[PDB]
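A.B. asks: Structure below; questions to follow.
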Amino acid sequence: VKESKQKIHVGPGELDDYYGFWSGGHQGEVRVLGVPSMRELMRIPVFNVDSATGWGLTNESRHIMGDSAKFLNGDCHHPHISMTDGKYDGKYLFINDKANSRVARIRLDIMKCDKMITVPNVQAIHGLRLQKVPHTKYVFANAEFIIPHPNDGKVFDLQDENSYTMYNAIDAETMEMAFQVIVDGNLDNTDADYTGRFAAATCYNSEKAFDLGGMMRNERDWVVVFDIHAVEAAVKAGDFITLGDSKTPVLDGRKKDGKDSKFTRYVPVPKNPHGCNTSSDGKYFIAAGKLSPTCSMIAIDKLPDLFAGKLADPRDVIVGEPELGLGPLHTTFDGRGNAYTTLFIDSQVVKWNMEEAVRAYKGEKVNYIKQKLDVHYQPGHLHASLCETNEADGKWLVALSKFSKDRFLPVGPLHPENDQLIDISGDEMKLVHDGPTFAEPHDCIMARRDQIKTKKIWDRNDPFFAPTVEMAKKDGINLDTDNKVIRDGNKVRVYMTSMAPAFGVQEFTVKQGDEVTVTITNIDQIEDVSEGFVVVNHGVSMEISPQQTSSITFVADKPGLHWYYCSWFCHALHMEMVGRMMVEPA
Amino acid sequence: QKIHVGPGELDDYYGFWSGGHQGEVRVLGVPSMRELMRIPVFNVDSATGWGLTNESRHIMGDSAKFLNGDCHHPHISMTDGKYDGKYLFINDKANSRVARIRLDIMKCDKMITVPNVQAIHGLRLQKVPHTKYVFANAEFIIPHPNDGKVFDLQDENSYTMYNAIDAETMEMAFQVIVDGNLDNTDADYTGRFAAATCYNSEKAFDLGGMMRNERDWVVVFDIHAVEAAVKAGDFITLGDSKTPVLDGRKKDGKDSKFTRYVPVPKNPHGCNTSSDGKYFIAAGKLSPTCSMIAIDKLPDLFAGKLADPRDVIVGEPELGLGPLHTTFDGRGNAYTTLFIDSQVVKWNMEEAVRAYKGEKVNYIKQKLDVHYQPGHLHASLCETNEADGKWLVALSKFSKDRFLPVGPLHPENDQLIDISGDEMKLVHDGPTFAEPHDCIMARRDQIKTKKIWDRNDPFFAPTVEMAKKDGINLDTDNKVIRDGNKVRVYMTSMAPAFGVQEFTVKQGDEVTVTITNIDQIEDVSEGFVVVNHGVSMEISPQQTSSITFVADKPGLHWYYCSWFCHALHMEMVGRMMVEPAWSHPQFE
Ligand code: CUZ
Ligand code: CUA
Ligand code: CUA
Ligand SMILES: [Ca+2]
Ligand SMILES: [Ca+2]
Ligand SMILES: [Cl-]
Ligand SMILES: [Cl-]
Ligand SMILES: [K+]
Ligand code: NA
Ligand code: NA
Ligand SMILES: [Zn+2]
Ligand SMILES: [Zn+2]
């Protein structure tokens with residue numbers, strides 16, 4: 001006997017116990033929440049353009065974004081935190097972009113996106129998860145959509161021998177591609193084991209069909225299992241091809257005339273399986289059945305025998321297939337031996353015992369279902385605290401439901417997502433809070449307060465603006481002290497320190513048509529004194545926090561006097577923290 | 001008064017938060033302080049496609065080229081001094097705009113770039129007899145014309161202007177040249193008078209100069225005189241704008257017909273009309289006071305019956321260090337933020353007036369510590385004659401240690417305070433992003449929203465008229481219209497299928513995709529994303545939305561529905577096939 005009775009109220013002056021990192025959904029950012037209050041503490045821009053901080057306008061952010069800075073949109077789903085020895089290490093958060101086929105890395109000490117990659121030769125990065133052991137060496141990313149190779153407009157047939165999609169491994173630390181594995185069918189979600197050897201992905205379109213009926217044709221799709229060690233061996237030996245103009249090593253993980261690749265095994269699993277979730281004890285890849293009212297449990301410790309050819313049938317690694325309810329989509333873990341699965345149709349979370357399910361699969365009459373909790377309504381992902389680690393603590397569960405209906409005040413034709421906080425600390429799940437959220441966050445991840453360590457003020461050597469420091473060095477500028485205007489043809493490079501309540505350069509004059517770069521270094525040492533910079537009627541806006549250098553470039557296409565001002569309330573004299581750009585005509 | 005909204009309970013109020021430097025408007029439930037919706041305005045929203053779609057770019061006009069805004073001041077339209085729930089208006093200081101949000105669909109439906117001005121900051125609405133005008137301050141003095149021949153703020157043609165916009169048409173109604181500059185503004189409860197604070201009577205550009213004068217002022221506008229002069233045709237126009245411009249400057253110590261200047265210390269900031277209609281209350285900021293302007297002494301002021309403009313001041317209570325903003329409980333108490341002392345001070349307005357006449361009396365009732373450095377504050381219904389004295393939100397600029405560390409950039413702290421009693425009680429710390437400066441609350445029953453669009457809605461009526469030139473019935477048609485190097489795809493959609501699931505174009509073609517969501521059920525929002533083309537938008541029930549992009553890449557390119565709509569959402573996809581340029585006629 002043990003009751004679910006955790007406190008959910010965080011009053012004024014008290015602090016949350018966990019960080020929550022929510023996907024921004026179709027809006028493209030990442031959001032930091034406090035748990036259990038469920039309040040949003042910060043927004044981290046990634047694929048969106050943020051007016052407030054200038055992400056997508058500043059030179060530092062556009063440098064990180066590369067050519068994809070031309071896109072103003074992203075579509076996020078799956079946020080994950082880097083691990084060492086199967087425990088969160090607080091270093092990085094990674095997230096997908098389904099719309100423009102990217103992966104982004106967030107540095108959790110500064111809470112900013114610091115690296116971004118467009119995955120080559122694929123369309124739509126959706127499923128995403130991290131290697132656990134011995135650390136997050138790879139980020140594993142699913143490209144969802146089958147395309148021709150090359151995709152040059154000669155062939156559109158998705159059944160062509162060179163039409164396929166690929167599993168993607170990105171080097172977590174350099175954020176360069178590591179390798180890609182061609183697969184049969186398509187990819188939905190993915191997860192990794194607790195050794196570094198195996199990873200797995202559900203596939204819903206084993207039919208390689210383009211119509212909805214054609215995609216639900218097979219009684220069984222599969223989860224494809226990857227022998228990452230075998231892939232690495234082939235890469236070290238130079239046994240790969242490359243595609244197009246990408247140097248990324250490409251391995252062929254498809255079945256050929258019924259013959260298995262060395263890199264993959266295809267395990268039959270019903271049906272359009274969706275979630276692919278690794279239990280915190282490291283025993284199982286659990287695939288949610290979706291169109292089948294089941295989950296399929298793959299025994300990770302049978303995978304070595306599978307790849308060695310010691311098992312008679314790939315179905316032999318399946319050790320449980322519990323029947324749970326209608327529309328199972330995703331699974332999470334309390335660390336006590338239970339799994340928690342969302343039932344999209346029944347609109348519930350079902351708590352079930354994994355080892356009891358395994359015994360039932362063998363024929364024992366044992367009820368593995370512990371409880372079903374109604375949620376409101378149509379849940380997709382769910383997430384228990386530390387569930388992706390061997391420290392899963394069984395304290396909090398968030399279920400992310402797609403249809404909020406009447407759970408909040410009406411706000412027009414568009415509705416919020418309902419992210420419901422559930423106490424799982426005791427024997428009985430208890431619903432404690434309804435959290436409305438914008439643009440369908442879809443999935444989220446939690447970390448203990450003591451697993452995250454952030455900077456109070458920037459380091460002057462920070463790589464985030466190192467390229468700007470280098471520019472300054474070429475101009476002979478000391479960013480910590482200088483207030484100078486550099487003239488170079490029709491290019492003007494203004495450098496200034498800023499400290500509330502005065503810009504270090506309070507006026508400058510240019511010629512109509514000049515290309516103006518303004519570089520600002522906030523030389524305050526006081527935490528929380530953020531500064532801003534806005535050029536009126538020129539589309540220019542950015543943040544400069546303490547000890548940060550930020551820069552932005554725009555053309556002075558309008559003659560006359562044009563004001564700039566500090567946007568971040570920084571001082572009692574904030575309204576008066578302003579300057580003048582004077583633009584001479586021809 | 002219940003503080004917590006449990007699962008299945010609803011909030012009692014809507015809150016409309018300024019999005020600050022991030023540029024949107026946010027809808028919260030009060031008292032839970034949870035965000036229920038985001039309404040894109042000056043930001044580009046990946047999720048709904050605002051700033052990408054043809055409908056939204058049509059509304060933004062030429063300013064669709066800007067990806068930023070800087071919001072401060074949301075206000076709800078009124079009839080006879082009470083909110084009527086029709087419209088929300090908000091400022092853009094960064095690119096000099098005013099936007100209107102329709103509160104039935106919770107979208108921005110109109111936007112205007114205010115001509116011949118820089119930086120729209122202060123904004124407020126006429127109260128009586130209804131919101132005929134939106135009043136908006138341009139903060140910064142500029143040359144006229146601003147053609148780069150003259151830069152001097154002291155020149156006789158350097159000035160800023162007060163701006164009145166027609167609330168219903170969202171066209172300019174008039175502009176009034178002022179001395180000094182303009183910070184915040186409010187309006188009376190008759191329709192005759194509006195008022196604005198000024199902090200730069202010195203017309204300087206450096207920090208020292210802007211603080212030189214012991215007093216600046218609040219400028220008072222006689223709107224009846226302005227309208228009369230417009231009907232009489234006694235006005236000029238500036239540049240290409242047809243907006244009537246009236247001159248409200250002093251000339252050689254003689255007042256204009258349109259304005260009076262009441263000296264107020266010092267770099268005053270907030271300008272707030274008491275809910276009983278009695279006072280314009282100016283927050284003294286660099287002066288540890290507020291200045292109370294007796295609205296019923298204004299007619300005499302404008303008729304020469306008073307010797308000194310200061311004679312309309314009937315109170316000037318000493319409150320504390322750095323007064324910025326004032327609000328009202330409807331019980332005769334005012335509440336003022338003290339930025340430096342980091343408090344909310346509750347004070348009785350009638351007793352402050354008594355003390356100004358020398359009657360020794362302590363008008364200060366309570367000082368509540370807030371965390372930290374508060375800017376604006378808002379009490380529920382404070383802008384109307386129904387000010388109900390229930391909730392107060394103070395919007396503080398430095399949250400410091402009140403929330404978990406999230407790196408060098410901190411959230412703002414918007415603190416909900418219970419004022420239903422004699423003692424202010426702090427009940428909730430609400431962190432927010434990008435500095436909402438201000439917010440406005442409305443009772444649940446003051447807001448009525450639509451769940452399904454009407455097919456004739458003006459938001460996409462331009463799109464309906466485009467479709468008709470192509471012979472298209474948007475409610476039924478799934479057609480690919482070709483027109484040179486332009487391709488216009490029209491489709492219905494209803495979960496989980498697009499009505500056009502594939503189409504073929506030539507490389508370089510300009511493709512417009514128009515989708516009409518013909519579902520009838522509430523909350524089946526659909527989406528549309530073209531992979532690797534920077535294309536994303538929302539289509540809600542009965543809405544038509546459209547988006548235009550160049551098919552610049554040969555090959556097969558998937559599109560998919562982004563908004564979860566169905567159990568078969570994952571499979572609601574389509575294919576754009578782009579034939580390569582080398583297989584079609586070659587152009588340079
Ligand atoms: Cu722009 S100021 Cu006190 Cu309104 Cu926040
Ligand atoms: Cu510097 Cu506000
Ligand atoms: Cu239609 Cu998702
Ligand atoms: Ca299938
Ligand atoms: Ca002054
Ligand atoms: Cl998953
Ligand atoms: Cl104000
Ligand atoms: K702040
Ligand atoms: Na990169
Ligand atoms: Na307009
Ligand atoms: Zn997902
Ligand atoms: Zn899912």
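Chain labels A, B, ... are given in the sequence in which chains occur in the structure tokens; within each chain residues are numbered consecutively from 1, and ligands are likewise numbered from 1 in the order shown.
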Which polymer residues have any atom within 12 Å of an atom of residue 469 (chain A), counting only C-alpha atoms, with same-chain residues fewer than 2 positions away left out, as a list in words?
C.D. replies: residues 59, 60, 460, 461, 462, 463, 464, 465, 466, 467, 471, 472, 473, 474, 475, 476, 477, 478, 479, 480, 495, 519, 520, 521, 548, 549, 550 and 551 of chain A
A.B. asks: Just to be explicit: take each residue in the selection above, keep N, CA, C and O atoms, and write the result as an mmCIF file, in the first residue's frame.
C.D. replies:
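Resulting contents of out_31.cif:
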data_model
loop_
_atom_site.group_PDB
_atom_site.id
_atom_site.type_symbol
_atom_site.label_atom_id
_atom_site.label_comp_id
_atom_site.auth_asym_id
_atom_site.auth_seq_id
_atom_site.Cartn_x
_atom_site.Cartn_y
_atom_site.Cartn_z
ATOM 1 N N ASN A 59 23.302 37.846 -37.102
ATOM 2 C CA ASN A 59 24.299 37.096 -37.856
ATOM 3 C C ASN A 59 24.685 35.810 -37.136
ATOM 4 O O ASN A 59 24.992 34.816 -37.792
ATOM 5 N N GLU A 60 24.663 35.787 -35.800
ATOM 6 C CA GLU A 60 25.077 34.572 -35.114
ATOM 7 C C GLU A 60 24.084 33.439 -35.360
ATOM 8 O O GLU A 60 24.487 32.292 -35.544
ATOM 9 N N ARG A 460 32.939 35.251 -22.477
ATOM 10 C CA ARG A 460 33.393 36.039 -23.623
ATOM 11 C C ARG A 460 33.995 35.153 -24.711
ATOM 12 O O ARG A 460 34.003 35.549 -25.878
ATOM 13 N N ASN A 461 34.446 33.940 -24.379
ATOM 14 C CA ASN A 461 34.965 33.012 -25.382
ATOM 15 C C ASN A 461 33.893 32.086 -25.958
ATOM 16 O O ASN A 461 34.230 31.112 -26.637
ATOM 17 N N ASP A 462 32.620 32.357 -25.724
ATOM 18 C CA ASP A 462 31.616 31.368 -26.093
ATOM 19 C C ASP A 462 31.600 31.122 -27.602
ATOM 20 O O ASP A 462 31.568 32.081 -28.385
ATOM 21 N N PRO A 463 31.607 29.860 -28.046
ATOM 22 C CA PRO A 463 31.523 29.574 -29.495
ATOM 23 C C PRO A 463 30.300 30.167 -30.190
ATOM 24 O O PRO A 463 30.373 30.468 -31.389
ATOM 25 N N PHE A 464 29.191 30.375 -29.468
ATOM 26 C CA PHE A 464 27.974 30.924 -30.073
ATOM 27 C C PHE A 464 28.255 32.193 -30.880
ATOM 28 O O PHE A 464 27.680 32.381 -31.962
ATOM 29 N N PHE A 465 29.114 33.093 -30.369
ATOM 30 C CA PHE A 465 29.433 34.315 -31.105
ATOM 31 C C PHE A 465 30.924 34.428 -31.413
ATOM 32 O O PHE A 465 31.399 35.509 -31.780
ATOM 33 N N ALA A 466 31.658 33.326 -31.328
ATOM 34 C CA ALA A 466 33.046 33.317 -31.782
ATOM 35 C C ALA A 466 33.226 33.853 -33.199
ATOM 36 O O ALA A 466 34.177 34.621 -33.420
ATOM 37 N N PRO A 467 32.397 33.518 -34.186
ATOM 38 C CA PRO A 467 32.632 34.089 -35.520
ATOM 39 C C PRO A 467 32.505 35.598 -35.532
ATOM 40 O O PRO A 467 33.192 36.270 -36.309
ATOM 41 N N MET A 471 35.377 38.343 -36.791
ATOM 42 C CA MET A 471 35.146 39.552 -37.580
ATOM 43 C C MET A 471 35.760 40.764 -36.887
ATOM 44 O O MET A 471 36.538 41.518 -37.485
ATOM 45 N N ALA A 472 35.411 40.963 -35.612
ATOM 46 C CA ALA A 472 35.927 42.102 -34.865
ATOM 47 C C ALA A 472 37.449 42.130 -34.908
ATOM 48 O O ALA A 472 38.054 43.189 -35.100
ATOM 49 N N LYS A 473 38.084 40.964 -34.766
ATOM 50 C CA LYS A 473 39.540 40.916 -34.747
ATOM 51 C C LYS A 473 40.129 41.393 -36.075
ATOM 52 O O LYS A 473 41.105 42.152 -36.088
ATOM 53 N N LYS A 474 39.543 40.969 -37.201
ATOM 54 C CA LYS A 474 39.973 41.474 -38.502
ATOM 55 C C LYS A 474 39.864 42.990 -38.591
ATOM 56 O O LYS A 474 40.671 43.629 -39.268
ATOM 57 N N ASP A 475 38.868 43.584 -37.946
ATOM 58 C CA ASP A 475 38.769 45.043 -37.949
ATOM 59 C C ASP A 475 39.618 45.702 -36.873
ATOM 60 O O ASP A 475 39.544 46.927 -36.725
ATOM 61 N N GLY A 476 40.386 44.937 -36.098
ATOM 62 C CA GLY A 476 41.213 45.540 -35.069
ATOM 63 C C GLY A 476 40.449 45.996 -33.845
ATOM 64 O O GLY A 476 40.925 46.873 -33.123
ATOM 65 N N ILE A 477 39.293 45.391 -33.568
ATOM 66 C CA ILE A 477 38.355 45.855 -32.542
ATOM 67 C C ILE A 477 38.496 45.005 -31.279
ATOM 68 O O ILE A 477 38.540 43.771 -31.353
ATOM 69 N N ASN A 478 38.542 45.658 -30.117
ATOM 70 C CA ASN A 478 38.424 44.978 -28.824
ATOM 71 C C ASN A 478 36.970 45.127 -28.357
ATOM 72 O O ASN A 478 36.555 46.216 -27.940
ATOM 73 N N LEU A 479 36.205 44.027 -28.428
ATOM 74 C CA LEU A 479 34.762 44.098 -28.227
ATOM 75 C C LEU A 479 34.403 44.543 -26.807
ATOM 76 O O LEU A 479 33.347 45.147 -26.594
ATOM 77 N N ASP A 480 35.281 44.299 -25.838
ATOM 78 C CA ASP A 480 35.006 44.676 -24.449
ATOM 79 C C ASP A 480 35.082 46.177 -24.191
ATOM 80 O O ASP A 480 34.510 46.649 -23.198
ATOM 81 N N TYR A 495 30.603 49.107 -34.052
ATOM 82 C CA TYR A 495 30.848 48.297 -32.861
ATOM 83 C C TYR A 495 30.653 49.160 -31.624
ATOM 84 O O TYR A 495 31.197 50.268 -31.553
ATOM 85 N N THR A 519 27.144 45.736 -34.156
ATOM 86 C CA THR A 519 27.614 44.714 -33.229
ATOM 87 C C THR A 519 27.614 45.316 -31.839
ATOM 88 O O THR A 519 28.189 46.386 -31.634
ATOM 89 N N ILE A 520 26.944 44.660 -30.894
ATOM 90 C CA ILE A 520 26.761 45.214 -29.561
ATOM 91 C C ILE A 520 27.255 44.198 -28.547
ATOM 92 O O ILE A 520 26.884 43.020 -28.614
ATOM 93 N N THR A 521 28.096 44.652 -27.618
ATOM 94 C CA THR A 521 28.582 43.845 -26.503
ATOM 95 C C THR A 521 28.028 44.411 -25.201
ATOM 96 O O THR A 521 28.266 45.581 -24.868
ATOM 97 N N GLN A 548 27.338 39.058 -23.475
ATOM 98 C CA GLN A 548 27.149 38.523 -24.816
ATOM 99 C C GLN A 548 27.532 39.574 -25.864
ATOM 100 O O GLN A 548 27.446 40.778 -25.617
ATOM 101 N N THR A 549 27.985 39.111 -27.030
ATOM 102 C CA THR A 549 28.090 39.951 -28.227
ATOM 103 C C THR A 549 27.070 39.445 -29.248
ATOM 104 O O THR A 549 27.046 38.251 -29.556
ATOM 105 N N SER A 550 26.236 40.347 -29.769
ATOM 106 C CA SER A 550 25.251 40.026 -30.799
ATOM 107 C C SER A 550 25.407 41.009 -31.946
ATOM 108 O O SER A 550 25.781 42.160 -31.733
ATOM 109 N N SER A 551 25.113 40.565 -33.171
ATOM 110 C CA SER A 551 25.253 41.466 -34.318
ATOM 111 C C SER A 551 24.110 41.253 -35.293
ATOM 112 O O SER A 551 23.548 40.160 -35.382
#
A.B. asks: Please build the interface table for chain A against ligand 6 with a cut-off of 9 Å, listing for each qualifying residue the nearest atom pair and the distance in Å to one decimal; count only C-alpha atoms and all ligand atoms, order rows by chain and increasing number, and write it as CSV.
C.D. replies:
residue,atom,partner,partner_atom_place_in_ligand_line,distance
A:78,CA,ligand 6,1 (Cl),8.5
A:127,CA,ligand 6,1 (Cl),7.4
A:128,CA,ligand 6,1 (Cl),8.4
A:129,CA,ligand 6,1 (Cl),8.6
A:188,CA,ligand 6,1 (Cl),8.3
A:189,CA,ligand 6,1 (Cl),5.0
A:190,CA,ligand 6,1 (Cl),6.2
A:191,CA,ligand 6,1 (Cl),7.2
A:201,CA,ligand 6,1 (Cl),8.8
A:202,CA,ligand 6,1 (Cl),8.7
A:274,CA,ligand 6,1 (Cl),6.9
A:275,CA,ligand 6,1 (Cl),3.6
A:276,CA,ligand 6,1 (Cl),4.2
A:277,CA,ligand 6,1 (Cl),5.2
A:278,CA,ligand 6,1 (Cl),8.8
A:286,CA,ligand 6,1 (Cl),8.9
A:287,CA,ligand 6,1 (Cl),7.9
A:288,CA,ligand 6,1 (Cl),8.3
A:329,CA,ligand 6,1 (Cl),7.9
A:330,CA,ligand 6,1 (Cl),5.6
A:331,CA,ligand 6,1 (Cl),7.2
A:332,CA,ligand 6,1 (Cl),8.9
A:381,CA,ligand 6,1 (Cl),7.4
A.B. asks: Using only C-alpha atoms, which protein or nucleic acid residues come within 8 Å of residue 431 (chain B)? Drop anything in the same chain fewer than 3 positions from it, and give the result as a compact mmCIF listing (two decimals) with N, CA, C and O atoms, in the first residue's frame.
C.D. replies:
# COMPACT_ATOMS: atom_id res chain seq x y z
N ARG A 39 4.37 25.74 -15.53
CA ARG A 39 4.53 27.08 -16.06
C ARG A 39 5.69 27.13 -17.05
O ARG A 39 6.71 26.47 -16.86
N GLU A 40 5.54 27.95 -18.10
CA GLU A 40 6.60 28.12 -19.09
C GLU A 40 7.60 29.17 -18.61
O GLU A 40 7.26 30.36 -18.52
N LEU A 41 8.84 28.75 -18.32
CA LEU A 41 9.89 29.65 -17.86
C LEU A 41 10.63 30.37 -18.99
O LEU A 41 11.14 31.48 -18.76
N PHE B 403 12.18 31.94 -10.14
CA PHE B 403 11.95 30.75 -10.94
C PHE B 403 13.28 30.02 -11.10
O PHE B 403 14.34 30.61 -10.88
N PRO B 411 12.87 35.06 -17.53
CA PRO B 411 11.50 35.48 -17.84
C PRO B 411 11.11 36.73 -17.07
O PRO B 411 11.76 37.10 -16.09
N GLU B 412 10.03 37.38 -17.53
CA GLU B 412 9.41 38.38 -16.68
C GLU B 412 8.54 37.69 -15.63
O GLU B 412 8.22 36.51 -15.72
N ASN B 413 8.21 38.43 -14.56
CA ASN B 413 7.39 37.90 -13.48
C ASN B 413 6.10 38.71 -13.43
O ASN B 413 6.09 39.85 -12.94
N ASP B 414 5.01 38.11 -13.89
CA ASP B 414 3.70 38.75 -13.84
C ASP B 414 2.94 38.16 -12.66
O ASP B 414 2.49 37.01 -12.72
A.B. asks: Please provide as a PyMOL selection string all residues within 6 Å of residue 30 (chain B), with the sequence filter that same-chain residues fewer than 5 positions apart are discarded (counting only C-alpha atoms).
C.D. replies: chain B and resi 11+13-14
A.B. asks: Those same residues - N, CA and C atoms - I'd like them written as a PDB file, in the first residue's frame.
C.D. replies:
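Final output, part-v2.pdb:
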ATOM      1  N   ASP B  11     -11.518  28.805 -16.125  1.00  0.00           N
ATOM      2  CA  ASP B  11     -11.135  30.107 -15.620  1.00  0.00           C
ATOM      3  C   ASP B  11     -12.347  31.043 -15.623  1.00  0.00           C
ATOM      4  N   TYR B  13     -11.969  34.544 -16.042  1.00  0.00           N
ATOM      5  CA  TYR B  13     -11.673  35.687 -16.892  1.00  0.00           C
ATOM      6  C   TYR B  13     -10.797  35.262 -18.060  1.00  0.00           C
ATOM      7  N   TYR B  14     -10.931  35.982 -19.173  1.00  0.00           N
ATOM      8  CA  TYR B  14      -9.903  35.994 -20.205  1.00  0.00           C
ATOM      9  C   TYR B  14      -8.862  37.052 -19.856  1.00  0.00           C
TER      10      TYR B  14
END
A.B. asks: If you measure from CA of residue 525 (chain A) to CA of residue 574 (chain A), what distance in Å do you get, rounded to one decimal?
C.D. replies: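 Between CA of residue 525 (chain A) and CA of residue 574 (chain A) the gap is 17.6 Å.
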